[PDB]
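Protein chains in written order, with the working numbering: chain A, 491 to 1554; chain B, 5 to 359.
All remarks here apply to the structure that follows.
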Ligand SMILES: CCCCC/C=C/C/C=C\C/C=C\C/C=C\CCCC(=O)O[C@H](COC(=O)CCCCCCCCCCCCCCCCC)COP(=O)(O)O[C@@H]1[C@H](O)[C@@H](O)[C@H](OP(=O)(O)O)[C@@H](O)[C@H]1O
Ligand SMILES: *[C@@H]1O[C@H](CO)[C@@H](O[C@@H]2O[C@H](CO)[C@@H](O[C@@H]3O[C@H](CO)[C@@H](O)[C@H](O[C@@H]4O[C@H](CO)[C@@H](O)[C@H](O)[C@@H]4O)[C@@H]3O)[C@H](O)[C@H]2NC(C)=O)[C@H](O)[C@H]1NC(C)=O
Ligand SMILES: *[C@@H]1O[C@H](CO)[C@@H](O[C@@H]2O[C@H](CO)[C@@H](O)[C@H](O)[C@H]2NC(C)=O)[C@H](O)[C@H]1NC(C)=O
Ligand SMILES: *[C@@H]1O[C@H](CO)[C@@H](O[C@@H]2O[C@H](CO)[C@@H](O)[C@H](O)[C@H]2NC(C)=O)[C@H](O)[C@H]1NC(C)=O
Ligand SMILES: Nc1ncnc2c1ncn2[C@@H]1O[C@H](COP(=O)(O)OP(=O)(O)O)[C@@H](O)[C@H]1O
Ligand SMILES: *[C@@H]1O[C@H](CO)[C@@H](O)[C@H](O)[C@H]1NC(C)=O
Ligand code: ALF
Ligand SMILES: [Mg+2]
Ligand SMILES: [Mg+2]
């Protein structure tokens, strides 16, 4: 029982409430390390090198320095730590603004509102909120500028709605309007404990000395925003994180990609070859120290202690060959994807001009999947159409009426059901005539278009009136029903008034109760009380959900309206149905109590009131139907034609009728005039089995030619799809949908949009993409792989829960063809090069165990090897993985066939992984056997008979290695930009200068005493400059001659396009 | 900030829009075939130039191992052809001969005797070749105290632990700690080519044979001879322990510095003597070698090398052929790809893609 006192800060302070501070920062200066280390050491590479460093701390085992691995581990750890800290700076910067805005609090000591900050707001302080500024906390409305005390708030942020709401104030508290009289308000405010129900509240406010009941209509959430009212006086109840905006926290799922799984297999491949190289050397060591025990007497070996010799020698080659698993790879590939998302969400061709909404990639872990998408689960309304509705036609009592009959079907033959069109003037003449029988039907129809809805009107200075409707077809019904007779004027709580432009009278309909339109319910109802004393109910929705509630005792307009829905949908018009039912007071006395219990239930409300709503919609008298126009977006016919030309199959999951999607599908160039449609419209589960069997056998009885398989399309409604998703029939449905180039599902439930996406991905291997708008296809986006959200008129519910938010549908032709093919080809080669550059060097450590009696002696310096994966070979991967374009963007869209390269996986696989690995072994052996023939006995210098040694030769190996590694990237790159000349030739000049400086200064500080005299014997020797010229050319003559052959006498698809790009 | 000047339109720069100017390399036959004939054109003079430089080197190797068994004692018998190797600009008439000789208390010596058939104008260098000796062993390459080499009197408990087997003998600090000093090659050379029959001697220089940095870092010790003991393998030259006079000076001892530089391969040379002042005239010479280092310790061999010097070391055609191999592969595929272009061209269209 939360007890709140009006004013009196000393009274409510003893309870110990929270403070209005908001912080979404995960890392703080108090427990940063206890959670960052547990998160960083959870991966494979980090935990592997943690045990390697702990093993390296035993005596007489480490072949290099004691800190050559933990030093490199901390470098890649702080690079990951600074990025984890930068994101927390942006989160802390965003939370600072929410604690910096102004909030004037009524101070009883000053008798006026004193401006303070949000963090200074305390429970029980009366605040004054102005217009167009958000609410700081959960505050009840005491009074406002309106005569009754109501306000119009926009409860976005917490939800996806954009329309306005209405919160009314109690008659006892609406009296205190003046600022000076606020000091007289006093009493207790008993409220509930902080909960998460956004639509429930059961507080109790005791104004003065008498208590009054509360309701959820007198509670504004923190995420809301005042829209039209000038000022509001609010009493804070919940503050800080106790508010229903942050107390109801959410969770985000983690999605893995295809390349991430191939990487996991490539790591196991290197881990197996690691144990092989360790066991080969460890066995050869234990047999040579036993066979040649006399020729190795100058080493003073242990002798009888050979049980632990294998273990000590196992740890030695573990530390030696541990560099074959690059730790710089995971950090590089993470920054490459993070940087590619930046270059994608900053393009002009992906920026919408009409609305400043650029493309944003909320999850940068799914960027490479754009170059390998095969299925697209789309949507009709909003995604394929502009979602701007326009009332065009209507049908009342079996008669159709439009404006300006087109041409031929002017006269009506009256062959039973009326077919044709009339004029709107004939509708008015049929209306005002009291002698007609269908005149009350037309009156009840027109009142349905401007009463049953839930639209808030807005008045302007120009005398006109504007309707702000949440659903775009709602505004079409209000404006369509207004510009011919019954106009909707002003809306207020518990009342709806209309004005008849024919006679000038004004009617007041007492809005007694309403029922919200749910995407699963597919039907809206609203029960009013007419001024005559009757209580008449109105209902509207889809035909697949209203006709089940009709009757047959007194309903003769069914066969007439059903035929009119067919000719409307055959043109592409979005149609609805209208119904009504007169109820009594004997049944409403009990049904009202049922609705009240369903509204104030703490258990569940999203489904409880839906059941109580269908309890009253028993009978329905169909009055007529409507028809609304909706056009396609711009450039959509061109993108779908190009996406299908690239080999992508598009599935449409629409919740509307069937013939509408087929007509807009032919105009959208999705279907065709010669395409064979395969309809499946069944009524029972057994009927769907025979239909699916008749489909599959008729397909396999004959071969499918190229022209035959291309001209197949499956059309299955919602009821038929509900049966074909059972475990017995899901296999029959999936085997017939893979043969048709297009699939059009109709009348699909919101939750059925997820079952279709999950069924295809759990019984196949292709990657799925789901694009849509609104709260009906939010589960479709969360269930697929790459989820795309469209920001349209339905709100911002789907654009926030998606991975990529796009302005419209046109931008998929470039997000997938250009930015997808690049992202896949870039990250693929960048990882293959990272495995090659690391193997081409540390493999010489293996060819050397055959020359040091399998001891495990390092060929190169301990710290010079650690700088390999940190300084000199960390930029060619970034250039080829971010700024590389294997084909021009102008030709990537002209020839959409190139998308099939990445769609099949022709750039990244385990078979190609071994190709780069054994290429490293080949280059490793060339530099090894090449130098040992030149530095034979060390007698390779010409400086007064002096000789080289161990360290003067390891430098030549290290230097020749990086010239071939960087020389390999030169053949890999396709585009030579300014960033390329800095990473490939620039990294070479970096080493040619860093070594004479490092080897002449650091040996004096006891860091690398092995380089005391190696600069003179290398840079001063004429043989060192000749081995660097012939060995790199000798090892890269294979790649140069093979690249010329495959490009010339065995080209691929892009090998010919790159030639046309060059010569044109 | 009520209006909120956001304007999320990204910039139109060449970086953000990925429109940077660049160069696309194409492997046209007109841009590859001239490259292959160019590499062959420049690597052939360099290739034949490096084999001629290695050809002009004149050397002579005499494997003096097994001299205390297979060599004579009373006269100079011929050395088996299995051991001797030589390369000279002129023909050699007399085969090299050797003879064993012992001294007092059993001090053997191998007296080699060879012939130089031509006047060697270049300077003369003399190495010794040790085979099957692994100085690149991990336990061996790091076994030496770097502070004792500088000359400090490091106490026992502060000694480097990388010389654990040979360290602190009989509770006394072994001054040259490690396996590298204890396993030192201790054969002595005559330091003069004794001319025979109308040929004068040819003195050789023992100083300035190690690296310049070695002479700088190797400094005379500051220990007391009553607190140190010689390494185990040095207890023959320094019996009864160390004294104030027996204590060696590792700054002047350049044979110690040359040995401490561990080699990379089990086959390595080590410089000991040289002469850069005058030429070596033709005649017959003799080299006396005290036999102190047994080949049974490391199971390898011992050789006496007498070489000159060239631009690329001394007598080695490994680098010379690599320039000819690369020039050979380029000239090979340079003609293979040329006739394939003349006879059977691709003729795979021009603008017609594969799809
Ligand atoms: C006097 C001797 C001189 C020797 C000269 C030898 C020349 C030929 C040698 C071998 C011929 C064998 C195969 C060569 C013939 C055809 C190659 C076809 C197979 C193949 O491309 O896979 C390669 C792996 O490359 C090795 O795996 C290379 C493996 C080569 C195997 C050689 C033996 C290695 C075994 C290990 C030796 C260990 C020795 C141990 C010694 C121990 C010492 C103690 C893959 O990398 P790649 O850069 O080429 O990829 C290509 C290339 O980038 C380019 O043509 C294409 O793009 P574009 O067209 O748009 O540019 C691109 O799509 C892609 O196709
Ligand atoms: C040139 O280099 C040769 C190779 O290192 C070296 O030959 C070795 O010399 C050492 C030193 O004398 C020899 O080690 C001694 O071997 C005898 C058995 O032959 C051991 O009895 C002796 O131990 C003794 O132990 C006594 C009691 O503990 C102690 O009082 C004595 O002082 C002594 O320590 C040594 O272990 C070794 O066998 C020789 N051969 C090999 C293959 O190592 C030459 O001496 C060296 N010559 C010169 C002039 O420096
Ligand atoms: C290099 O060899 C020449 C040739 O023997 C040496 O020159 C002789 O040196 C001795 C030593 O005092 C003299 O007695 C001779 O008179 C010198 N002869 C000639 C022709 O100069 C020379 O000293 C040697 N250089 C060294 C050992 O550094
Ligand atoms: C140049 O060579 C001569 C000839 O061997 C050296 O003279 C010998 O020197 C040693 C060392 O004192 C004596 O034991 C020999 O008796 C000397 N022999 C003769 C014939 O004089 C001379 O020392 C060499 N030059 C230098 C600088 O050492
Ligand atoms: N406010 C509404 N009230 C009642 N019916 C509606 C309303 N809006 C649309 N409808 C009808 O009920 C159906 C709801 O399905 P819906 O999920 O909106 O399909 P879509 O994806 O094409 O928008 C619609 O096809 C329409 O005929
Ligand atoms: C050596 O001489 C005596 C012991 O013999 C001692 O006093 C002295 O400290 C020792 N060390 C040095 C560096 O003189
Ligand atoms: F086309 Al929809 F929900 F917008 F099915
Ligand atoms: Mg939609
Ligand atoms: Mg809808």
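For every residue, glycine included, the Cβ atom is placed at its ideal position computed from N, Cα and C.
| Asked | Found |
| --- | --- |
| Chain-ordered chain A contacts of residue 11 (chain B) [CB-CB under 8 Å] | 846 |
| Within 8 Å, strictly: CB atoms of residue 1464 (chain A) and residue 1375 (chain A) | yes |
| Proximity of residue 333 (chain B) and residue 37 (chain B) at Cβ, strictly below 8 Å | no |
| 7 Å Cβ cut-off: residues of chain B touching residue 1146 (chain A) | Result: empty, since nearest Cβ-Cβ is about 33 Å, beyond 7 Å. |
| Residue 756 (chain A) vs residue 1319 (chain A) beta-carbon contact at 8 Å | no |
| Backbone secondary structure at residue 583 (chain A) - three-state DSSP | helix |
| Residue 913 (chain A) in three-state terms, based on DSSP | strand |
| Ordered list of beta strand (DSSP E) runs contained in the region 920-1000 of chain A, each at least 3 residues | 946-949, 955-958, 976-982 and 985-990 |
| Alpha helix (DSSP H) segment containing residue 724 (chain A), residue limits | Residue 724 (chain A) -> not in any alpha helix (DSSP H); beta strand (DSSP E) instead, spanning 721-728. |
| Per DSSP, cross-strand counterpart(s) of residue 291 (chain B) | B:116 |
| Listed by chain order, chain A residues near residue 215 (chain B) by CB distance under 7 Å | 1436 and 1503 |
| Residue 173 (chain B) classed as buried or exposed, judged by whether at least 16 other C-beta atoms fall within 10 angstroms | exposed |
| Boundaries (first-last residue) of the beta strand (DSSP E) holding residue 165 (chain B) | No beta strand (DSSP E) contains residue 165 (chain B), which DSSP labels as neither H nor E. |
| Cut-off 8 Å between Cβ atoms - residues of its own chain near residue 687 (chain A), not counting five sequence neighbours on either side | 734, 1092 and 1095 |
| Collapsed DSSP secondary structure at residue 182 (chain B) in the structure displayed | strand |
| Residue-chain proximity (residue 351 (chain B), chain A), Cβ-Cβ < 8 Å | no |
| For residue 1259 (chain A), the three-state DSSP class (helix, strand or coil) | strand |
| Check whether residue 1115 (chain A) and residue 1068 (chain A) have beta carbons under 8 Å apart | yes |
| Cβ-heavy atom distance, residue 816 (chain A) to ligand 2, below 7 Å | no |
| Residues that DSSP places opposite residue 1118 (chain A) in a beta bridge | A:881 and A:1064 |
| Distance cut-off 7 Å: residue 1405 (chain A) Cβ against heavy atoms of ligand 1 | yes |
| Residue closest to residue 1222 (chain A), alpha-carbon to alpha-carbon, out of A:1232, A:1180, A:1201 and A:716 | A:1180 |
| Residue 787 (chain A): contacting residues in chain B (beta-carbon distance under 7 Å) | 301 |
| Three-state class that DSSP yields for residue 1397 (chain A) in the structure shown | coil |
| Any C-beta of chain B under 8 Å from that of residue 585 (chain A) | no |
| Endpoints, beta strand (DSSP E) assigned at residue 535 (chain A) | Taken as a continuous stretch (DSSP letters only), residue 535 (chain A) belongs to no beta strand (DSSP E), being part of the alpha helix (DSSP H) at 534-545. |
| DSSP-derived helix/strand/coil call for residue 1380 (chain A) | helix |
| Residues that residue 868 (chain A) bridges to, as DSSP identifies them | A:1142 |
| Residue 870 (chain A) beta carbon near ligand 7 (any heavy atom closer than 7 Å) | yes |
| Where residue 1535 (chain A) falls, given that 16 or more other Cβ within 10 Å makes a residue buried | exposed |
| Environment of residue 524 (chain A) [buried if 16+ CB atoms lie within 10 Å] | exposed |
| Length of the line joining the Cα atoms of residue 718 (chain A) and residue 642 (chain A) | 6 Å |
| Inter-residue Cα distance where the pair is residue 145 (chain B) and residue 269 (chain B) | 12 Å |
| Listed by chain order, chain D residues near residue 559 (chain A) by CB distance under 9 Å | Of the protein chains in the structure, A and B, none is chain D. |
| Proximity test, residue 310 (chain B) beta-carbon vs ligand 3 heavy atom, cut-off 7 Å | no |
| Per-residue DSSP class, three states only, for residue 309 (chain B) | strand |
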